[PDB]
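To start, the structure itself, in structure tokens.
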There are 2 protein chains.
Amino acid sequence: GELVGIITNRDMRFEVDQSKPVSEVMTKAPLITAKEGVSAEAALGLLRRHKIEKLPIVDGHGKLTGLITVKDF
Amino acid sequence: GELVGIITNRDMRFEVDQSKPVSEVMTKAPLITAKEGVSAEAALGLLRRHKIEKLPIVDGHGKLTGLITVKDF
Ligand SMILES: Nc1ncnc2c1ncn2[C@@H]1O[C@H](COP(=O)(O)OP(=O)(O)OP(=O)(O)O)[C@@H](O)[C@H]1O
Ligand SMILES: Nc1ncnc2c1ncn2[C@@H]1O[C@H](COP(=O)(O)OP(=O)(O)OP(=O)(O)O)[C@@H](O)[C@H]1O
Ligand SMILES: [Mg+2]
Ligand SMILES: [Mg+2]
């Protein structure tokens with residue numbers, strides 16, 4: 001149940017072998033995340049600062065509770 | 001005549017003020033670049049390794065001679 005990383009379509013854009021497991025292609029932890037109840041302005045600021053399009057949302061134990069993408073904005 | 005950086009539309013996606021100069025938004029040097037006469041396989045490998053979409057091509061003196069994008073592939 002641990003958030004070990006994130007896999008986006010920039011990671012698997014040119015992977016010819018589509019039977020490859022996720023663990024060989026994903027981006028490993030630590031990731032850029034936000035706390036629960038993060039406002040939209042703070043999430044957008046994080047996305048602009050780190051120049052990523054995704055932002056996982058985790059609780060106090062570091063367990064995944066949500067995800068914010070640039071698609072929302 | 002020096003390559004001081006690169007500006008892509010991920011850098012200027014949420015810039016409300018379009019009168020801002022490039023110098024305040026660009027990604028400053030050093031960049032991930034390739035030498036002249038780089039093959040397609042080497043450029044694609046660099047793009048996959050650094051997870052970027054653009055690769056400036058410079059000469060021995062470090063001056064810009066070309067540009068490769070993921071659009072080509
Ligand atoms: N929150 C995050 N923390 C760390 N790395 C991340 C995070 N979100 C994405 N990445 C990584 O950053 C890279 C690009 O992220 P992003 O999600 O912006 O790309 P993308 O949506 O796949 O891009 P494109 O739309 O151009 O194909 C990928 O390697 C991805 O794994
Ligand atoms: N060769 C490079 N060296 C260093 N940084 C780079 C290079 N090319 C691009 N970047 C930077 O990496 C970030 C994303 O690069 P990229 O060109 O993949 O994004 P983009 O094409 O704008 O993305 P999207 O398609 O998701 O809108 C930007 O901050 C950009 O300035
Ligand atoms: Mg994008
Ligand atoms: Mg893209």
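Every chain in the structure tokens has a letter given in the order shown (A, B, ...), and although residue numbers restart at 1 in each chain, ligands are simply numbered from 1 in the order shown.
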- Query: If you count only C-alpha atoms and all ligand atoms, which residues end up within 6 Å of ligand 2, as number ranges by chain?
  - Reply: A: 51; B: 6-11, 27, 31-33, 52-55
Can you spit out the residues from that selection as a JSON list (two decimals), in the first residue's frame, using N, CA and C atoms?
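The file below, again.json, is the result:
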```
[["chain", "number", "residue", "atom", "x", "y", "z"],
["A", 51, "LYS", "N", 7.73, 22.23, -12.50],
["A", 51, "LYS", "CA", 7.54, 22.02, -13.94],
["A", 51, "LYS", "C", 7.10, 20.60, -14.25],
["B", 6, "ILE", "N", 16.85, 27.87, -22.99],
["B", 6, "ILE", "CA", 15.77, 27.42, -23.86],
["B", 6, "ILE", "C", 14.44, 27.76, -23.21],
["B", 7, "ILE", "N", 13.47, 28.19, -24.01],
["B", 7, "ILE", "CA", 12.15, 28.52, -23.51],
["B", 7, "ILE", "C", 11.11, 27.69, -24.26],
["B", 8, "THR", "N", 10.39, 26.86, -23.53],
["B", 8, "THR", "CA", 9.35, 26.01, -24.08],
["B", 8, "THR", "C", 8.00, 26.43, -23.51],
["B", 9, "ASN", "N", 6.93, 25.84, -24.04],
["B", 9, "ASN", "CA", 5.59, 26.26, -23.62],
["B", 9, "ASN", "C", 5.16, 25.64, -22.29],
["B", 10, "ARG", "N", 5.94, 24.71, -21.73],
["B", 10, "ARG", "CA", 5.72, 24.34, -20.34],
["B", 10, "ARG", "C", 6.18, 25.45, -19.41],
["B", 11, "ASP", "N", 7.15, 26.25, -19.84],
["B", 11, "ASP", "CA", 7.63, 27.37, -19.04],
["B", 11, "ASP", "C", 6.67, 28.54, -19.04],
["B", 27, "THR", "N", 14.63, 28.69, -19.28],
["B", 27, "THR", "CA", 15.45, 27.77, -18.49],
["B", 27, "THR", "C", 16.91, 28.08, -18.79],
["B", 31, "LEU", "N", 22.38, 23.47, -20.49],
["B", 31, "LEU", "CA", 21.30, 22.63, -20.98],
["B", 31, "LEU", "C", 21.83, 21.23, -21.29],
["B", 32, "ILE", "N", 20.93, 20.36, -21.72],
["B", 32, "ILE", "CA", 21.30, 19.05, -22.24],
["B", 32, "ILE", "C", 21.40, 19.20, -23.75],
["B", 33, "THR", "N", 22.61, 19.04, -24.29],
["B", 33, "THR", "CA", 22.87, 19.31, -25.69],
["B", 33, "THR", "C", 23.58, 18.12, -26.32],
["B", 52, "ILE", "N", 13.28, 14.83, -21.67],
["B", 52, "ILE", "CA", 12.99, 16.12, -22.26],
["B", 52, "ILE", "C", 12.51, 15.88, -23.69],
["B", 53, "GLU", "N", 12.08, 16.96, -24.33],
["B", 53, "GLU", "CA", 11.58, 16.89, -25.69],
["B", 53, "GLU", "C", 12.41, 17.69, -26.68],
["B", 54, "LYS", "N", 13.42, 18.43, -26.21],
["B", 54, "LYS", "CA", 14.22, 19.29, -27.07],
["B", 54, "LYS", "C", 15.70, 19.08, -26.79],
["B", 55, "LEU", "N", 16.50, 19.13, -27.85],
["B", 55, "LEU", "CA", 17.93, 18.88, -27.77],
["B", 55, "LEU", "C", 18.64, 19.87, -28.68]]
```
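Counting only C-alpha atoms and comparing A:15, A:59, A:72, A:24, the residue that lies closest to chain B is A:15.
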- residue 41 of chain A environment, 12 Å, only C-alpha atoms, sequence neighbours closer than 4 positions dropped, as a VMD selection string: (chain A and resid 34 37 45 to 48 68 73) or (chain B and resid 14)
Take the residues from that selection and write them out as an mmCIF file, in the first residue's frame, keeping N, CA and C atoms.
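Result file follows (selection.cif):
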```cif
data_model
loop_
_atom_site.group_PDB
_atom_site.id
_atom_site.type_symbol
_atom_site.label_atom_id
_atom_site.label_comp_id
_atom_site.auth_asym_id
_atom_site.auth_seq_id
_atom_site.Cartn_x
_atom_site.Cartn_y
_atom_site.Cartn_z
ATOM 1 N N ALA A 34 1.795 16.818 -2.159
ATOM 2 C CA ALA A 34 1.138 17.855 -1.382
ATOM 3 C C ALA A 34 0.361 17.200 -0.251
ATOM 4 N N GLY A 37 -5.999 18.478 1.708
ATOM 5 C CA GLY A 37 -6.599 19.792 1.825
ATOM 6 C C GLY A 37 -5.773 20.909 1.234
ATOM 7 N N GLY A 45 0.984 26.424 -7.869
ATOM 8 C CA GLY A 45 2.322 26.926 -7.614
ATOM 9 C C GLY A 45 3.363 25.824 -7.603
ATOM 10 N N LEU A 46 3.040 24.689 -6.982
ATOM 11 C CA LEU A 46 3.958 23.553 -7.002
ATOM 12 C C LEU A 46 4.183 23.046 -8.421
ATOM 13 N N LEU A 47 3.107 22.933 -9.205
ATOM 14 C CA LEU A 47 3.238 22.448 -10.575
ATOM 15 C C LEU A 47 4.101 23.380 -11.415
ATOM 16 N N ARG A 48 3.928 24.692 -11.249
ATOM 17 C CA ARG A 48 4.757 25.642 -11.984
ATOM 18 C C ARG A 48 6.206 25.601 -11.518
ATOM 19 N N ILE A 68 -3.724 15.382 -8.274
ATOM 20 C CA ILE A 68 -4.108 16.580 -9.010
ATOM 21 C C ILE A 68 -3.279 16.646 -10.284
ATOM 22 N N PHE A 73 -6.920 22.316 -14.023
ATOM 23 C CA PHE A 73 -6.831 23.747 -14.287
ATOM 24 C C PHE A 73 -7.158 24.066 -15.738
ATOM 25 N N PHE B 14 1.279 29.096 -17.824
ATOM 26 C CA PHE B 14 0.387 29.819 -16.927
ATOM 27 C C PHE B 14 0.838 31.254 -16.674
#
```
- Message: When you count only C-alpha atoms, which of these residues is closest to residue 61 of chain A: A:12, A:22, A:44, A:3?
- Response: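 Using only C-alpha atoms, residue 61 of chain A sits closest to A:3.
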- Query: What separation in Å, quoted to one decimal, exists between atom CA of residue 49 of chain B and atom 26 (O, counted along the ligand's line) of ligand 1?
  - Reply: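 We find that atom CA of residue 49 of chain B and atom 26 (O, counted along the ligand's line) of ligand 1 lie 14.5 Å from each other.
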- Item | DSSP strand (DSSP E) residues within chain A, as a PyMOL selection string | chain A and resi 5-6+27-28+34-35+54-58+64-69
- Identify, with DSSP run on backbone atoms, the residues in chain B assigned to helix (DSSP H, G or I), and express the list as a PyMOL selection string. chain B and resi 22-24+40-50
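The coordinates place atom CA of residue 60 of chain B at 7.3 Å from atom CA of residue 35 of chain B.
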- Task: Can you work out the spacing between atom 30 (C, counted along the ligand's line) of ligand 1 and atom CA of residue 38 of chain B in Å, to one decimal?
- Result: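 According to the coordinates, atom 30 (C, counted along the ligand's line) of ligand 1 and atom CA of residue 38 of chain B are separated by 25.8 Å.
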